[PDB]
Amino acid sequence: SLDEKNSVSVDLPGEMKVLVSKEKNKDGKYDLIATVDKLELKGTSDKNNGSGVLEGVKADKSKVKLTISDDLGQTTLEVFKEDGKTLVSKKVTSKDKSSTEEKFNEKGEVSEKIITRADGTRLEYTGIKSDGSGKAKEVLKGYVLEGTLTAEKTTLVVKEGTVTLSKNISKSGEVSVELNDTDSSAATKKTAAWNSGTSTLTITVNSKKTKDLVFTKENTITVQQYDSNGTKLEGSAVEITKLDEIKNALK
């Protein structure tokens, strides 16, 4: 029942807004309301900054709770079962647009994890099983790399004909890239060497280096060709924008 006339709107992380009563109700507390995913969460607080705890109930009987940091710099959005205690889902979002969302099963184990970085790229882990495996997906600007997660690593894979390029992610989180060619003709088989110090994969064909693929700290990929003798690199390095272009680079 808060309007433009009797409240103020406060911007929050996660592209949300809270309305805050200008006047305290009896109890000397400010009323708060915030809309998320079609439900109006309500709460009260002693501050009128827009921080506090708001709650609701979904049509499926789940209980929802939104906590806004005192700083308005971090929100936490949780979904519980009917009992208000068993966790179904939790999402933490910061002012920098970074966020982390997870889903849990009966035993409290993580069954899905979405990681969103500040730039907007994401790592998406779905169908996680008790053995630690599940489907994996990294969402970049212009394309999506699909693969699998396992207790040892995350592996994303791109295929063009006989050539498979794999982006590995350890549990520590430093990337490692390999390439394997099914083509068994020594004249056209592509091989690759990985330098961790520079995050570069060098592709060789017929014992001559042909391209450099740089996997940058900004979650982008660049490609640059060697000259026809495989000794020095040529011209400028192009930033990859489409899945097609990664496939061209593997042809």
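All residue numbers are counted from 1 along the displayed sequence.
Between 157-165 and 172-180, the higher mean Cα B-factor belongs to 172-180. Per-stretch averaging of Cα B factors for 37-45 and 22-30 places 22-30 on top. Note on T222, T67, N219, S196: the highest value goes to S196, judged by CA B factor as recorded. Across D131, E82, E112, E109, the greatest Cα temperature factor reported in the deposited entry is at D131. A136: CA B factor in the middle third of modelled residues in this chain (values from the PDB entry). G147: CA B factor lies in the middle third for its chain, per the PDB record.
Ranked within its chain, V92 lands in the lowest third, by CA B factor from the PDB record. Annotation for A118: CA B-factor lies in the middle third of the chain's modelled residues. The entry lists a Cα temperature factor for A186 that places it in the highest third of the chain's modelled residues.
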